[PDB]
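What follows is one chain in structure tokens, specifically the form solved without the ligand.
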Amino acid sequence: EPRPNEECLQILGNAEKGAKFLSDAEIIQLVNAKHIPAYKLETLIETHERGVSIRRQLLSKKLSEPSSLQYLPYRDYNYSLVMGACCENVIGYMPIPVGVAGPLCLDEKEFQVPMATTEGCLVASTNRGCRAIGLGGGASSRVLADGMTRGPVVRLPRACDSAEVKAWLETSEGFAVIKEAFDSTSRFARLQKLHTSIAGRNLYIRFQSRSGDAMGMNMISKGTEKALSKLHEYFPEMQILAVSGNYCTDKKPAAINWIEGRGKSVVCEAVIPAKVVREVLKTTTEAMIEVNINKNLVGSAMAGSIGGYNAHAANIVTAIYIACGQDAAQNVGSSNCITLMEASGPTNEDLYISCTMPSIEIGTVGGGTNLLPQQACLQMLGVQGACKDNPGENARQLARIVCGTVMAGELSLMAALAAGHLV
């Protein structure tokens, strides 16, 4: 049944045959003979799943363990939305367990929050925090700001010249010309106040803008390119060294995100009755405040933390992000959180808690939210896709849910640390 290389090549070149007639072992025979490269297996094979099966068989003979791919699943998966959009060189998928904590009573609504994780007790802990919040009358949240950023670096011949460009961008007329260029690229491109910083002849420009319900990194990048092109017309000696000069700052810890915000800035709060702190959280209000000051404030201060004044916001942010099709790498900046706790009520025995997260980078359209399983989790929360009547409302709601769930996670872990229940 296996044919030689030359007979198999004329069949593939045929416009009304292709690889359909050729067998599995026959296409792999063309790869080793080097007549067709490795990267020419996408647009030549008809179905996506068969292309995944061929990539896996070529891969298995390179690995030190032959049956390593055995328990990595690939069949019955919709690769149509993944190929040429979300992933390349695809050899299957990685199933991550999804649990549910809730109901989370947030802004007079009830949410069943999906959480994708492999850390034991995390879902159960977050659920216990939701239970305390619910018996305490619920939580309230506000989105304080909204605006994804990109922070290019440009170079002038001299620092005197870069100072000229900074001054020009600070005039109402200069900013207006740059804003028109930025806003011409997309419907949600709406440039907010510029933030500029000089380092000699370098100039770092932080462009900021809302992006509807998208996280908006591609949107902001397009607007930034157009704006810098317009800036070059007025200043032809300027060199665009990089569209990202790490001033954004994206996927790295940076004080600029902590202080200025990036994406959605959010605050959440709740009051937990003394009775609920006892019976649900197994501790006291006095014990909670004590651990919060000396762990989340003083402890993080001693550790030299910028933006890490919390117990484990990163656990909840990451779990929600993976379940809801977000960029999980943006957990770096999105986990920025300060958790504060005071005594409250008439007898000063109730627990006031608040979480403030100035840089939640989030979206309900684009990226991993285009995949159906991810959209199922977004649909649980009622935030799937773009909100037609109120652009950005679904992304803002998801950010509020993240902050609220983070607060629930902070309550439960801090109670366990305070009481010494570490089993």
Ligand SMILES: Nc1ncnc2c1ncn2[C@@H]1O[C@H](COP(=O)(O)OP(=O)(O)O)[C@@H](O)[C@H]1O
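Residue positions are given as counts along the sequence shown, with the first one as 1.
We do not show the form solved in complex with the ligand, though everything after this point is about it.
A residue is said to contact a partner when one of its heavy atoms sits within 4.5 Å of a partner heavy atom; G212 meets this definition for the ligand in the deposited complex. The ligand is not shown here, but in the deposited complex it comes within 4.5 Å of a heavy atom of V365. The ligand is not shown here, and in the deposited complex it never comes within 4.5 Å of any heavy atom of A139. Although the partner is absent here, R75 is not a contact residue: none of its heavy atoms lies within 4.5 angstroms of the ligand in the deposited complex. The chain is drawn here without the ligand; in the deposited complex, the stretch among 231-239, 184-192, 155-163, 264-272 whose residues come within 4.5 Å of it by any heavy atom is 184-192. Proximity to the ligand in the deposited complex, taken as a non-hydrogen atom within 4.5 angstroms, holds for one residue of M288, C324, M219, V113, which is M219.
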